[PDB]
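Ligands are counted one by one from 1 in listed order, and the atoms in each one are counted from 1 as well. For the numbers below, each heavy atom of this structure counts, side chains included, while hydrogens, waters and symmetry mates do not. Numbering starts at 1 and runs along the sequence shown.
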Amino acid sequence: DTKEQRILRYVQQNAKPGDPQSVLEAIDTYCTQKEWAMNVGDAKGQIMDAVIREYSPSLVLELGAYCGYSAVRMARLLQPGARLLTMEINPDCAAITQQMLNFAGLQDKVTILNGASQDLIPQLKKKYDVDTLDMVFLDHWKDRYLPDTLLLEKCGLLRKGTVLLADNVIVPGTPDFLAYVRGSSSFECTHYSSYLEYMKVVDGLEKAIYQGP
Ligand SMILES: Cc1ncnc2c1ncn2[C@@H]1O[C@H](/C=C/CNC(=O)c2cc(-c3ccc(F)cc3)cc(O)c2O)C[C@H]1O
Ligand SMILES: [Cl-]
Ligand SMILES: [Cl-]
Ligand SMILES: [Cl-]
Ligand SMILES: [Mg+2]
């Protein structure tokens, strides 16, 4: 088995079904005590929670589910009727994420799309009946943040006021994306300093609010 499967099993052996907080705590405990993994973690997760509560988005897109930790984090704070779409290229991770959400009781709020973001993004309008996104959480391969931001715009999926929230803008970093949004008159940017998941290493989230063309 894989580390990802081991995290899911620990949740199944240690958390309460239908209790998102107990799922998050179990993941954090496993990744602190047993094996590190690239979940967004509790430090940055608390910032994410405060941003999601502030904006109360009706439709969120996540790029890069991994094991579903961030999807559980976000979905548990969505207002009734609001929804999350999460894209995950690795079929094993897509299935783990679906199972994590099922365990947490959040499955009716989330759609887990198994595929590459650059292939799925152009299908959101026609196949998934999306108009525009209220929020986008970027947490996939770091060289894809900028290409996918540009693709989202091309596809008409951003509106004035869409909130981009990007993980890992310090470590590993996403230098092209970060320079681009910070230099662009089409984004208003704010940096939230924090810590790499499960580590005493500085990281941060970037909030980049789209201003329109
Ligand atoms: C194109 C595309 N479409 C859909 N899913 C995609 C995708 N590219 C990746 N994915 C999925 O996102 C996930 C991957 C994300 C990449 N994230 C990382 O590489 C990552 C790495 C670190 C890190 C920090 C310090 C260190 F010393 C070592 C590592 C920390 C993090 O928080 C991360 O998100 C899983 C993958 O299948
Ligand atoms: Cl995560
Ligand atoms: Cl790819
Ligand atoms: Cl943490
Ligand atoms: Mg990350």
Q: What's the verdict on side-chain hydrogen bond (donor to acceptor under 3.5 Å, both in side chains) for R6 and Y10, showing C-alpha distance, side-chain angles and the deciding distance?
A: CA-CA 6 Å; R6 292 187 293 270; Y10 185 84; over 6 Å; no

Q: Among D167, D139, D28, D49, find the one that has a salt bridge (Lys or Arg N to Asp or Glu O under 4.0 Å) with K44.
A: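 Exactly one option meets the salt bridge (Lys or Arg N to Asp or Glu O under 4.0 Å) with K44, and it is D167.
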
Q: My understanding is that only one of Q13, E35, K3 makes a side-chain hydrogen bond (donor to acceptor under 3.5 Å, both in side chains) with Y30; could you say which?
A: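 The option that passes is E35.
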
Q: Only to 10 degrees, please: what angle do the OD1 atom of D139 and the OD1 atom of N168 make about the Mg ion (ligand 5)?
A: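 Reported to 10°, the angle equals 90°.
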
Q: I'd like the atom name of the N/O/S atom in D167 lying closest to the Mg ion (ligand 5).
A: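 Of all N, O or S atoms belonging to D167, OD2 is the one nearest the Mg ion (ligand 5).
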
Q: Quick check: does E197 put an N/O/S atom under 2.8 Å from the Mg ion (ligand 5)?
A: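 Under 2.8 Å: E197 has no N, O or S contact with the Mg ion (ligand 5).
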
Q: Can you classify the ring geometry of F187 versus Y210 as parallel (below 30°), tilted (30 to 60°) or perpendicular (above 60°)?
A: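 Answer is tilted, since the angle falls between 30° and 60°.
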
